[PDB]
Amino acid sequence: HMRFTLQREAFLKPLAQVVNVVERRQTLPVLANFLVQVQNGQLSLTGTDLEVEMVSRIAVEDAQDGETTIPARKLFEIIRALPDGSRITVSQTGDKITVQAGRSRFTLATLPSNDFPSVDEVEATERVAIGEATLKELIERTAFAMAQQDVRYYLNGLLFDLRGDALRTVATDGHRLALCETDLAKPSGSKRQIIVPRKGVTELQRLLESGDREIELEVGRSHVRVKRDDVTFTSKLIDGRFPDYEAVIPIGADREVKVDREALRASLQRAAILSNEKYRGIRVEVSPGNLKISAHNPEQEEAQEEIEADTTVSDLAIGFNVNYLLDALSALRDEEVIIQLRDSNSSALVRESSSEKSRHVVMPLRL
């Protein structure tokens, strides 16, 4: 008996918010659908892939109560493709859903709402108040370094390291590491490490905006949840132990190179053209005031680049995977960055020139 009417653009906002979590892969039949609920003038749309759940709710006025599941991508595409300003009526016809707008009519197959998996209620054991923009930056500065479908499942996500007065995001794939830290206004007091899986990270990223809003991370034993107006993000946590990531952060890397971030990216990209396609190794030779950047490949082709730098370091040549160094520089934002070194056989630490809050560890590659 479910029935509601609303404008296309109003309908499109919750549809767009929730459609992205639906996995195109054919898993459980019902998982291809939204859970759609009408209760007391409120329309709720829920999508899930069992790991992440997105809910968005809106008012629909003079609706009729009811509950079903509706093919998510098809519904989203239909509503998006209808003419701007369309007045849309949705209703149940037997085991079908009907969508009417002007002369148009669409019928979709449904599956029973009882088939739809429910999230176990997140009993939050920790609430972290954090600026929405701040959390957004912590993730942007680190997410690129998460492992990608690694058999070490605990790397396929972002570590949220709650350190009392501070929060740290940490990503590693085993070959490089990115981390960013912020002080929290309302101190949490709690110390706890949680790993948010890749899909939870990206869905959370979509929800957070720029600006001065505070949000609350609700952290349970097995789930994290963010409520933002009438959108609810819930993600399972990865049930594993993140590595002792601090072990790979260099200590005693006090040989500093201060260099223009974008000029260094450009030189590295030029040298990379002639680097080994498999190993992508480039060489950085440091001398006072100067970097010599070079690469060569199995065919003996060779690139030689130079860039000025503020440094008194001499007698130091170190190899890096150019992809990892470029990733680090692309995730930094200052006009100038600092590279901290010890020697040719030790990892480099790359950071903003203006702060130590964001840090990148790039491992040496043998020359």
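When you see a residue number, it is the position in the sequence shown, counting from 1.
- Looking at 61-69 and 47-55 together, the entry lists the larger mean B-factor for 61-69, computed on C-alpha atoms.
- In this entry, 177-185 shows the higher mean Cα temperature factor of the pair 177-185 and 264-272.
- The PDB entry assigns its highest CA temperature factor, among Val257, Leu135, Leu82, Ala124, to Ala124.
- Residues shown: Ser104, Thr234, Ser222, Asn290. Highest C-alpha temperature factor in the entry: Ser222.
- The PDB entry assigns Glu214 a C-alpha temperature factor belonging to the middle third of its chain's modelled residues.
- Per-chain ranking of the deposited C-alpha B factor places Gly252 in the middle third.
- Per the PDB record, residue ranking by Cα B-factor puts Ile318 in the highest third of the chain.
- In this PDB entry, the Cα temperature factor of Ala328 sits in the bottom third of its chain's modelled residues, the lowest group.
- For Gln300, the recorded CA temperature factor ranks within the highest third of the chain's modelled residues.
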